[PDB]
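Data first, discussion second: the structure below is written as structure tokens.
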Amino acid sequence: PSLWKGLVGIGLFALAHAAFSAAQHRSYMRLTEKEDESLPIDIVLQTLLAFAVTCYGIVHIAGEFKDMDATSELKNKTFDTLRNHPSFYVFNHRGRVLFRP
Amino acid sequence: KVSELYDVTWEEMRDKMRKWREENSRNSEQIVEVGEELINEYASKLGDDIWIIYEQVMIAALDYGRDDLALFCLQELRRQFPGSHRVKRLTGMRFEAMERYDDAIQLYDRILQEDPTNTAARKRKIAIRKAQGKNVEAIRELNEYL
Amino acid sequence: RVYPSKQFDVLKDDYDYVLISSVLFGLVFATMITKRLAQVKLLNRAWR
Amino acid sequence: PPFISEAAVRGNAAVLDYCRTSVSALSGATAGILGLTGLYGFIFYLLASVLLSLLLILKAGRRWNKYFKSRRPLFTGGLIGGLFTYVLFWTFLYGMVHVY
Amino acid sequence: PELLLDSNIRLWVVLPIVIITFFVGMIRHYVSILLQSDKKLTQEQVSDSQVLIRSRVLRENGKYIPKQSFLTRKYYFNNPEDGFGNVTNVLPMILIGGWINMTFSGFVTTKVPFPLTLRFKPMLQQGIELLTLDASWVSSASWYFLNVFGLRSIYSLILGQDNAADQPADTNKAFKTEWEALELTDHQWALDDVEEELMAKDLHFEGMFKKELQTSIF
């Protein structure tokens, strides 16, 4: 139902938070002038999890497939609705008499 | 009808009306019942979906022998769209639903004079011919139109 | 202090924030108005 | 099938394009965030693509022959524009984060 | 890395380019929709087009009717009948590019994350005046053009169908062409052995009496 929208929103928010955290960590590291290139593992895990969750959630809202067989939706069509022509309607019948003559 | 023998939202009613529109069903009573409520109690909820519902409900009410709702819908449609050609067709159908054929004929002739490549006016003239039992003339006019 | 290559590293001191904000707001307003006009034109063309 | 309807195939193509574009953009964004660079990062992109295809199978399930003639469009469909969007978002986010 | 950049340039030069190009594309799409065209056709044109479509449909699907009717229609159509706007689409792109080059060029914008060769350098560094700088660093105009080129899929996704971006003659001739094309078509009935195909297996009466008969609306 509508839970997939919440799931994808949560995933996007988590990805944005991970981005902000990585940027802040890089800005702090450039101050201390340390050439160790220390990337925390928790940030990588968080961003990978958020990306996976977001992709899984967004794959379920793109829509639904439909059969390509042209004779698939006419299995339930009946001749009652096929003989009605809206352009040639005429209002001269007993329906007027029955209801408030 | 909501909380009245049924429990459906306005979206469900809109979807049911759309489905009834896709396949040419002619159950006028149910269409009128749903449509009058949708027009009255949920007019503001529908942003731009009320004009096609107006047309459908007007046609159903004309089929149901209830002209007050038809006149109300026709007035609303004419106020919204001034000088349109579909509204003139609806007015002609309302005229011919009351056994006033000369006015409908002159209205359709005026429509054809304003626009020569219009199709609905010819079909309505053929319907007027058919309504009087003149089968041969209707067949000839339909053959010419085809 | 001297800059041989016209100081390609630091933003110029004569940046006009107000003009940027004005042009952004104008773009947004024009987008909204054009969207409304296009929608109304399509609706009116549908109903002849 | 002797008779084919164009509307269904065009709708399926639209759904596939939507999925491909969105997943390519998201993969580019996360690759930029991770700070990967060079051909190494390219590998990630391919991996992401594979993941997408796998999910499509779970979306198609069995009786996939009703929706598509073959799985080849489902696997190798749209690997040109997706790469461009991927590299664009990669550059954008890498400049936004690791630079400055 | 090699260079140290001011965060203010990132905050105030990068995002506005993207916002401007996005909304310019949206405005271009909406304006193009607003004054797309207004075309009118006379009755003879549409009548002849419908006749041509009918003839084409006959040629394509005459294999589903009895041969006598097909040849009766083929006797017809042979004796009696066949024989008796952009300025705003492109110019604003160049104008906006020039305006952006005028009011924004002069500093390093960003860097691509993959190595390149010297061939890339003349394209990505229009504004700067350095000589030995690497080709990965880009100027503002190159970033603007890259952003412009990398939004076709986004426009196709967030907006209906595809827009907001750059990329009969003679009735008698058509009549003669259709007359020549139809003359070499022959009837091939597709119902010769339908009965034998039907008789091969039992009818598929499975999954038809599920659910329940509908009682009322909803």
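In the structure tokens, chains take letters A, B, ... by order of appearance, with residues numbered from 1 within each chain and ligands from 1 in the order shown.
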
May I have the residues of chain E within 12 Å of chain B, counting only C-alpha atoms, written as a compact mmCIF listing (two decimals) with C-alpha atoms, in the first residue's frame?
# COMPACT_ATOMS: atom_id res chain seq x y z
CA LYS E 40 -6.97 22.93 -39.44
CA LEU E 41 -7.85 20.43 -42.18
CA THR E 42 -10.58 20.49 -44.81
CA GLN E 43 -13.14 17.71 -45.23
CA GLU E 44 -11.58 16.25 -48.38
CA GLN E 45 -8.21 15.72 -46.69
CA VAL E 46 -9.60 13.75 -43.74
CA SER E 47 -11.98 11.81 -45.99
CA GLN E 50 -9.65 7.66 -43.88
CA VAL E 51 -10.13 6.02 -47.29
CA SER E 216 -25.03 -5.07 -6.42
CA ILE E 217 -22.68 -2.14 -6.99
CA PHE E 218 -19.31 -2.04 -5.21

Give one line per residue of segment 10-93 of chain A that approaches segment 53-67 of chain D to at most 8 Å, naming the two atoms of the closest pair and their distance in Å to one decimal, counting only C-alpha atoms; sort by chain then ascending residue number and deliver it as a tab-separated table.
residue	atom	partner	partner_atom	distance
A:56	CA	D:55	CA	7.5
A:59	CA	D:55	CA	7.2
A:60	CA	D:59	CA	7.7
A:65	CA	D:67	CA	6.7
A:66	CA	D:67	CA	6.4
A:67	CA	D:67	CA	5.2
A:68	CA	D:67	CA	5.8
A:69	CA	D:66	CA	7.2

Using only C-alpha atoms, find each residue in chain C having at least one atom no more than 9 Å away from chain B; report its shortest atom-to-atom pair and that distance in Å (one decimal), rows by chain then rising number, as a tab-separated table.
residue	atom	partner	partner_atom	distance
C:43	CA	B:48	CA	8.8
C:44	CA	B:81	CA	8.1
C:47	CA	B:86	CA	7.0
C:48	CA	B:84	CA	5.8

Could the residues in this selection be saved with N, CA and C atoms as a compact mmCIF listing (two decimals), in the first residue's frame?
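What landed in result_7.txt:
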# COMPACT_ATOMS: atom_id res chain seq x y z
N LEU C 43 -7.15 21.95 -20.82
CA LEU C 43 -8.52 21.69 -20.39
C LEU C 43 -9.53 22.37 -21.31
N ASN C 44 -9.26 23.61 -21.71
CA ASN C 44 -10.19 24.32 -22.58
C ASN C 44 -10.20 23.74 -23.99
N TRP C 47 -12.48 20.52 -24.09
CA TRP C 47 -13.90 20.79 -24.14
C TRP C 47 -14.30 21.71 -25.29
N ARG C 48 -13.48 21.81 -26.33
CA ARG C 48 -13.75 22.68 -27.47
C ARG C 48 -13.98 24.12 -27.03

If you take only C-alpha atoms and a cut-off of 7 Å, which residues of chain C touch chain E, and what are their nearest atom pairs and distances in Å to one decimal, in chain and number order, as a Markdown table?
| residue | atom | partner | partner_atom | distance |
| --- | --- | --- | --- | --- |
| C:8 | CA | E:107 | CA | 4.4 |
| C:9 | CA | E:107 | CA | 6.0 |
| C:10 | CA | E:6 | CA | 6.0 |
| C:11 | CA | E:9 | CA | 5.7 |
| C:27 | CA | E:23 | CA | 6.4 |
| C:31 | CA | E:27 | CA | 5.3 |
| C:34 | CA | E:30 | CA | 5.8 |
| C:35 | CA | E:30 | CA | 6.0 |
| C:38 | CA | E:34 | CA | 5.2 |

Each residue of chain E with at least one atom at most 6 Å from chain D should appear once, together with its nearest atom pair and the corresponding distance in Å (one decimal); atoms considered: only C-alpha atoms; ordering: chain, then increasing residue number; output as a Markdown table.
| residue | atom | partner | partner_atom | distance |
| --- | --- | --- | --- | --- |
| E:5 | CA | D:100 | CA | 5.4 |
| E:7 | CA | D:100 | CA | 5.8 |
| E:110 | CA | D:95 | CA | 5.4 |
| E:112 | CA | D:91 | CA | 5.3 |
| E:113 | CA | D:37 | CA | 5.1 |
| E:114 | CA | D:38 | CA | 4.6 |
| E:150 | CA | D:85 | CA | 6.0 |

Next, dump the selected residues to file, keeping only N, CA, C and O atoms, as a CSV table (one decimal), in the first residue's frame.
chain,number,residue,atom,x,y,z
E,5,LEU,N,40.1,24.7,-1.5
E,5,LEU,CA,39.0,25.5,-2.0
E,5,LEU,C,38.2,26.1,-0.9
E,5,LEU,O,38.1,25.6,0.2
E,7,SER,N,34.8,27.0,1.0
E,7,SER,CA,33.5,26.4,1.0
E,7,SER,C,32.4,27.3,0.5
E,7,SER,O,31.3,26.9,0.1
E,110,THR,N,34.7,22.1,-9.8
E,110,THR,CA,34.8,20.8,-9.3
E,110,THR,C,35.7,19.9,-10.1
E,110,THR,O,36.3,20.4,-11.0
E,112,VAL,N,36.3,15.8,-11.7
E,112,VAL,CA,35.8,14.5,-12.0
E,112,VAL,C,36.6,13.4,-11.3
E,112,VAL,O,37.8,13.7,-11.1
E,113,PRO,N,36.1,12.3,-10.9
E,113,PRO,CA,36.8,11.3,-10.1
E,113,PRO,C,37.6,10.3,-10.9
E,113,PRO,O,38.1,9.3,-10.3
E,114,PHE,N,37.7,10.5,-12.2
E,114,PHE,CA,38.5,9.5,-13.0
E,114,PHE,C,39.5,10.2,-13.9
E,114,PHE,O,39.3,11.3,-14.3
E,150,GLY,N,23.2,16.3,-18.9
E,150,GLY,CA,22.9,15.1,-18.1
E,150,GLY,C,21.6,15.2,-17.3
E,150,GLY,O,21.5,14.9,-16.1

Exercise. What residues in segment 20-133 of chain B get the DSSP label alpha helix (DSSP H)? Please answer as a PyMOL selection string.
Worked result: chain B and resi 20-22+28-41+50-63+67-80+85-97+101-114+120-131

What does the file look like for those residues with C-alpha atoms, as a PDB file, in the first residue's frame?
ATOM      1  CA  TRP B  20     -18.858   2.876 -15.751  1.00  0.00           C
ATOM      2  CA  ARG B  21     -17.700   5.508 -18.245  1.00  0.00           C
ATOM      3  CA  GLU B  22     -15.096   3.287 -19.932  1.00  0.00           C
ATOM      4  CA  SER B  28     -29.149   5.213 -15.328  1.00  0.00           C
ATOM      5  CA  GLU B  29     -30.565   4.800 -11.815  1.00  0.00           C
ATOM      6  CA  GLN B  30     -27.319   3.846 -10.062  1.00  0.00           C
ATOM      7  CA  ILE B  31     -25.340   6.411 -12.066  1.00  0.00           C
ATOM      8  CA  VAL B  32     -27.737   9.172 -10.996  1.00  0.00           C
ATOM      9  CA  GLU B  33     -27.696   8.000  -7.371  1.00  0.00           C
ATOM     10  CA  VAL B  34     -23.901   8.099  -7.153  1.00  0.00           C
ATOM     11  CA  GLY B  35     -23.474  11.214  -9.282  1.00  0.00           C
ATOM     12  CA  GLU B  36     -25.861  13.526  -7.447  1.00  0.00           C
ATOM     13  CA  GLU B  37     -24.141  12.741  -4.140  1.00  0.00           C
ATOM     14  CA  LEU B  38     -20.691  13.191  -5.691  1.00  0.00           C
ATOM     15  CA  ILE B  39     -21.721  16.575  -7.113  1.00  0.00           C
ATOM     16  CA  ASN B  40     -23.344  17.767  -3.885  1.00  0.00           C
ATOM     17  CA  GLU B  41     -21.155  16.578  -1.012  1.00  0.00           C
ATOM     18  CA  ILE B  50     -16.369  17.396 -12.190  1.00  0.00           C
ATOM     19  CA  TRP B  51     -17.162  18.402 -15.789  1.00  0.00           C
ATOM     20  CA  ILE B  52     -17.183  14.893 -17.263  1.00  0.00           C
ATOM     21  CA  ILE B  53     -19.184  13.768 -14.221  1.00  0.00           C
ATOM     22  CA  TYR B  54     -21.583  16.647 -14.913  1.00  0.00           C
ATOM     23  CA  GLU B  55     -22.062  15.472 -18.494  1.00  0.00           C
ATOM     24  CA  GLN B  56     -22.515  11.824 -17.496  1.00  0.00           C
ATOM     25  CA  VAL B  57     -24.981  12.644 -14.712  1.00  0.00           C
ATOM     26  CA  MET B  58     -26.953  14.952 -17.010  1.00  0.00           C
ATOM     27  CA  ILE B  59     -27.250  12.204 -19.627  1.00  0.00           C
ATOM     28  CA  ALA B  60     -28.246   9.633 -16.998  1.00  0.00           C
ATOM     29  CA  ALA B  61     -30.846  11.976 -15.479  1.00  0.00           C
ATOM     30  CA  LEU B  62     -32.305  12.625 -18.930  1.00  0.00           C
ATOM     31  CA  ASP B  63     -32.524   8.849 -19.341  1.00  0.00           C
ATOM     32  CA  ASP B  67     -35.066  16.974 -15.526  1.00  0.00           C
ATOM     33  CA  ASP B  68     -34.257  19.237 -12.550  1.00  0.00           C
ATOM     34  CA  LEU B  69     -30.814  17.676 -12.095  1.00  0.00           C
ATOM     35  CA  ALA B  70     -30.265  17.789 -15.861  1.00  0.00           C
ATOM     36  CA  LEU B  71     -31.084  21.506 -15.959  1.00  0.00           C
ATOM     37  CA  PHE B  72     -28.824  22.175 -12.964  1.00  0.00           C
ATOM     38  CA  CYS B  73     -25.893  20.336 -14.562  1.00  0.00           C
ATOM     39  CA  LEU B  74     -26.500  22.042 -17.914  1.00  0.00           C
ATOM     40  CA  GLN B  75     -26.530  25.462 -16.240  1.00  0.00           C
ATOM     41  CA  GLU B  76     -23.275  24.707 -14.415  1.00  0.00           C
ATOM     42  CA  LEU B  77     -21.590  23.452 -17.594  1.00  0.00           C
ATOM     43  CA  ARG B  78     -22.797  26.429 -19.641  1.00  0.00           C
ATOM     44  CA  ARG B  79     -21.556  28.845 -16.974  1.00  0.00           C
ATOM     45  CA  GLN B  80     -18.131  27.187 -16.827  1.00  0.00           C
ATOM     46  CA  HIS B  85     -20.043  23.064 -28.798  1.00  0.00           C
ATOM     47  CA  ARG B  86     -20.498  20.074 -26.488  1.00  0.00           C
ATOM     48  CA  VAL B  87     -22.819  22.165 -24.307  1.00  0.00           C
ATOM     49  CA  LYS B  88     -24.901  23.003 -27.381  1.00  0.00           C
ATOM     50  CA  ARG B  89     -25.158  19.283 -28.143  1.00  0.00           C
ATOM     51  CA  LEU B  90     -26.318  18.637 -24.576  1.00  0.00           C
ATOM     52  CA  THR B  91     -28.896  21.422 -24.911  1.00  0.00           C
ATOM     53  CA  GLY B  92     -30.143  19.888 -28.155  1.00  0.00           C
ATOM     54  CA  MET B  93     -30.428  16.481 -26.502  1.00  0.00           C
ATOM     55  CA  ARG B  94     -32.415  18.048 -23.656  1.00  0.00           C
ATOM     56  CA  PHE B  95     -34.668  19.764 -26.205  1.00  0.00           C
ATOM     57  CA  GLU B  96     -35.323  16.530 -28.095  1.00  0.00           C
ATOM     58  CA  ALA B  97     -35.902  14.616 -24.848  1.00  0.00           C
ATOM     59  CA  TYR B 101     -37.538  18.407 -32.509  1.00  0.00           C
ATOM     60  CA  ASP B 102     -37.654  21.587 -34.619  1.00  0.00           C
ATOM     61  CA  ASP B 103     -35.562  23.540 -32.106  1.00  0.00           C
ATOM     62  CA  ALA B 104     -32.999  20.731 -31.913  1.00  0.00           C
ATOM     63  CA  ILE B 105     -32.829  20.568 -35.716  1.00  0.00           C
ATOM     64  CA  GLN B 106     -32.238  24.314 -36.012  1.00  0.00           C
ATOM     65  CA  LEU B 107     -29.631  24.165 -33.227  1.00  0.00           C
ATOM     66  CA  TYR B 108     -27.739  21.354 -34.967  1.00  0.00           C
ATOM     67  CA  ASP B 109     -27.946  23.189 -38.298  1.00  0.00           C
ATOM     68  CA  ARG B 110     -26.477  26.266 -36.604  1.00  0.00           C
ATOM     69  CA  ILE B 111     -23.688  24.122 -35.132  1.00  0.00           C
ATOM     70  CA  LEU B 112     -22.901  22.639 -38.548  1.00  0.00           C
ATOM     71  CA  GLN B 113     -22.925  26.111 -40.111  1.00  0.00           C
ATOM     72  CA  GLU B 114     -20.430  27.370 -37.527  1.00  0.00           C
ATOM     73  CA  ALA B 120     -21.895  14.731 -33.321  1.00  0.00           C
ATOM     74  CA  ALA B 121     -24.524  17.015 -34.878  1.00  0.00           C
ATOM     75  CA  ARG B 122     -25.057  14.623 -37.795  1.00  0.00           C
ATOM     76  CA  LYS B 123     -25.375  11.681 -35.402  1.00  0.00           C
ATOM     77  CA  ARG B 124     -27.927  13.586 -33.328  1.00  0.00           C
ATOM     78  CA  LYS B 125     -29.919  14.433 -36.463  1.00  0.00           C
ATOM     79  CA  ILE B 126     -29.886  10.732 -37.361  1.00  0.00           C
ATOM     80  CA  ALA B 127     -31.087   9.954 -33.829  1.00  0.00           C
ATOM     81  CA  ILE B 128     -33.899  12.495 -34.242  1.00  0.00           C
ATOM     82  CA  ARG B 129     -34.878  10.779 -37.495  1.00  0.00           C
ATOM     83  CA  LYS B 130     -34.835   7.397 -35.745  1.00  0.00           C
ATOM     84  CA  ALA B 131     -36.928   8.626 -32.803  1.00  0.00           C
TER      85      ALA B 131
END

Problem set entry | Proximity to chain E - best of A:70, A:45, A:98, A:31, only C-alpha atoms | A:31

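The coordinates place atom CA of residue 61 of chain E at 23.5 Å from atom CA of residue 143 of chain B.
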